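Chains as they are written, first to last, in the entry's author numbering: chain V, 55 to 107; chain A, 204 to 253. Have a look at the structure below, then the notes.
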Amino acid sequence: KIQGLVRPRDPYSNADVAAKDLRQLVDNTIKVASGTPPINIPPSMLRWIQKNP
Amino acid sequence: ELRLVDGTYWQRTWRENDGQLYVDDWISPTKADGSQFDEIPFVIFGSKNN
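Structure representation (structure tokens):
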């Protein structure tokens, strides 16, 4: 964004004015990685009580 | 389970309810008129033959 994009000028005067510029700013989105800790799901306990693994 | 006893067709199904193992009773499917069957209605097809 240009702050002093507008200047009060005088058509009769001839005095110089300092310049500005088109700055460029950058947005961001950080990446997050998650997961699941190893969970024991052996078939033995489910089969023992006669249940589908 | 498909079985052929003395030239008749019988089949057993195993219910196996979710979390269990249950089995149906014996029963013999029969045609529109009756007479049961003489061969199992299960055909196995392969590249060479059936």
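Just so you know, even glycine gets a beta-carbon here, dropped at the ideal spot from N, CA and C.
For residue i, does the three-state DSSP call read helix, strand or coil?
{"i": "V/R63", "result": "coil"}
{"i": "V/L100", "result": "helix"}
{"i": "A/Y225", "result": "coil"}
{"i": "A/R215", "result": "coil"}
{"i": "A/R206", "result": "strand"}
{"i": "A/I230", "result": "strand"}
Do residue i and residue j have their C-beta atoms within less than 8 angstroms of each other?
{"i": "A/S250", "j": "A/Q239", "result": "no"}
{"i": "V/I93", "j": "V/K74", "result": "no"}
{"i": "A/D236", "j": "A/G210", "result": "no"}
{"i": "A/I243", "j": "A/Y212", "result": "yes"}
So with Cβ pairs under 8 angstroms, would you call residue i a contact of chain V?
{"i": "A/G249", "result": "no"}
{"i": "A/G222", "result": "yes"}
Would you mind giving the Cβ-Cβ distance between residue i and residue j, rounded to the nearest angstrom? I have them listed as a contact below 8 angstroms.
{"i": "residue 161 of chain A", "j": "A/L205", "result": "Any property of residue 161 of chain A remains undetermined from this structure, which presents chain A solely from 204 to 253."}
Using a Cβ-Cβ distance under 8 angstroms, would residue i count as near chain A?
{"i": "V/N106", "result": "yes"}
Should residue i be flagged as near chain C, meaning a C-beta pair shorter than 8 angstroms?
{"i": "V/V86", "result": "Going by chain labels, chain C is absent from the structure shown, which instead holds the protein chains V and A."}
For residue i, verify whether its CB is less than 7 angstroms away from any heavy atom of the ligand FMN.
{"i": "V/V71", "result": "Annotation note on the ligand FMN: not contained in the displayed structure, which lists no ligands."}
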